[PDB]
Amino acid sequence: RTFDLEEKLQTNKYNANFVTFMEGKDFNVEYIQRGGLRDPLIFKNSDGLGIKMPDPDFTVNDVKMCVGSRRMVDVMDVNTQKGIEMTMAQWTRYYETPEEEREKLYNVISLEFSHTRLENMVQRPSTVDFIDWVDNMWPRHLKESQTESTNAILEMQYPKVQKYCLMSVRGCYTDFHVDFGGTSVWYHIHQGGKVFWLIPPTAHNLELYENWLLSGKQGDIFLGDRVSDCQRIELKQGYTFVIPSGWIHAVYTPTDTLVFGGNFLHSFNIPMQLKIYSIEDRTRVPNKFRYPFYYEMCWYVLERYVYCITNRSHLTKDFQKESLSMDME
Amino acid sequence: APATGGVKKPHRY
Amino acid sequence: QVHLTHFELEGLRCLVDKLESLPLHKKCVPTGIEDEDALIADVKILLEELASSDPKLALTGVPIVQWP
Ligand SMILES: O=C(O)CNC(=O)C(=O)O
Ligand code: NI
């Protein structure tokens, strides 16, 4: 990295105001229908959101005991933004190491803990449940059949992207990116704090982003300097943040932090979701870093809209029968 | 060595 | 007779155009779908019919797609 992160954290220049500060009770389906979930949102308190979180003093070791000591986790090397892998016990050892003894800065942003004990300790905002394509569009008998708690693709029965635990040490930095498939993101600061820089997905900015990706100079060019308006904003302990489809963001961690969050597609900004998918295609993003079963899901969305509106099914007889059995439960 | 999907990570430098 | 949002109407038109124009090896028609072509046809009909949706009446507070 050749830019100075500390000047990016200190400057007053990222002074756009893109974020809407909301109350949880107002974050409902009617709000989504009216606004298209186009605006990033901050909930300074959880009242009215319908979230559930672990004990306030939950630790990384607690996460490890819920997911398993031997669970392989993807870890980011902050200096290179490259991925490595280790077990959750090894990750916990790292995390518990005093700061002045850690040889390198590593970050975990990708531990998906669905189908472990941890899963029932964390609930996302109720309203996300009413609109996530996984919950509302994917054949339910397939989702319910998932047993594997890792993100091994051969065992994956639906897009396993709903619930992640992020564990970040002071000094961590995740460089600018758009979440896979143009997914929207919810993000809850259980403990600690985060700094985000937000860049809106205008056609121009998305062109810049793609060209930056294709240049390979991500360590040299701080993308928030290349655009007309960027917002840097701090999330404090207990805040919930929702990031809309397409939004280009980077994140810095000023104190050891534990976050619960996750990703979702939805029906109100499909064009952006498709745009982002096509950027991933052109920039040759490896499958492993993409939304699993993306076009499969899109076919299921079409079928659900036609069925729900017209009562005509385009699922197989067997699939219809599986669905009817569940309707009778 | 099983292949994974839905790994969150920006691009490498 | 139902009113969708313009957010949905525009998105569904984008999606149908996208999926229809993917070649065979990229189309990813999933296991549960019977006749993809007939679905695409049905979507197109439906979009014509819902194009006169009223923006205020679409604000129902409950999604069109929910499980029974
Ligand atoms: O928290 C981090 O370091 C990076 N997180 C994200 O970019 C995210 O959850 O969308
Ligand atoms: Ni992100």
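Note that ligands are numbered from 1 as they come in the structure, with each ligand's atoms numbered from 1 the same way. Within every chain, numbering begins at 1; the chains are lettered A, B, ... in the order of the sequence lines, protein sequences first and strands thereafter.
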Can you sort out which atoms of ligand 1 are near [X], meaning under 4.0 Å from one of its heavy atoms?
X: A/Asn107; answer: 3 (O)
X: A/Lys194; answer: 1 (O), 2 (C), 3 (O)
X: A/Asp179; answer: 10 (O)
X: A/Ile109; answer: 2 (C), 3 (O), 4 (C)

Cation-pi geometry met for A/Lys194 and A/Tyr252 (6.0 Å, 45°):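 No, cation not above the ring by the 6.0 Å, 45° rule.
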
Within 45° cone and under 6.0 Å: A/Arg304 NZ/CZ vs C/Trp67 ring: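 Geometry flag: set, cation within 6.0 Å and 45°.
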
According to the interplanar angle, ranging from 0 to 90°, do the rings of A/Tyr295 and A/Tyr277 count as parallel (below 30°), tilted (30 to 60°) or perpendicular (above 60°)?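 Geometry flag for A/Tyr277 against A/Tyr295: tilted rings.
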
Is the shortest distance from a heavy atom of A/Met76 to ligand 1 less than 4.0 Å?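 Contact absent.
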
For the backbone of A/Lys275 and the side chain of A/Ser278, can you confirm whether one donor and one acceptor N or O come within less than 3.5 Å of each other?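 Yes, the answer is positive, given that a donor and an acceptor are paired below the 3.5 Å cut-off.
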
Examine distances only and state if a side-chain atom of A/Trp212 and a backbone atom of A/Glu207 form a donor-acceptor pair shorter than 3.5 Å.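 No, A/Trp212 side chain to A/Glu207 backbone: no donor-acceptor pair under 3.5 Å.
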
Determine whether the side chains of A/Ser325 and A/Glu322 contain a donor N or O and an acceptor N or O closer than 3.5 Å.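 A/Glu322 and A/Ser325 do not have a side-chain donor-acceptor pair below 3.5 Å.
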
Checking A/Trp186 against A/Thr240: is there a side-chain donor and acceptor pair closer than 3.5 Å?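 A/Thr240 vs A/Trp186: no donor-acceptor pair found between side chains.
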
What residue and atom, counting heavy atoms only, is the protein's closest point to atom 3 (O) of ligand 1, and at what distance?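 Here the nearest protein heavy atom works out to A/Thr174 OG1, 2.8 Å.
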
Where does A/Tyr187 meet ligand 1, judged by heavy-atom distances below 4.0 Å: at the side chain, the backbone, both, or neither?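 For A/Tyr187, only side-chain atoms sit under 4.0 Å from ligand 1.
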
Heavy-atom distances under 4.0 Å decide this one: backbone, side chain, both or neither, for A/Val259 against ligand 1?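 It is neither part, as no heavy atom is under 4.0 Å.
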
For the Ni ion (ligand 2), find the closest N/O/S atom belonging to A/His249 and write down its atom name.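 That would be atom NE2.
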
For the Ni ion (ligand 2), find the closest N/O/S atom on A/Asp179 and give its atom name.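 The nearest such atom is OD1.
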
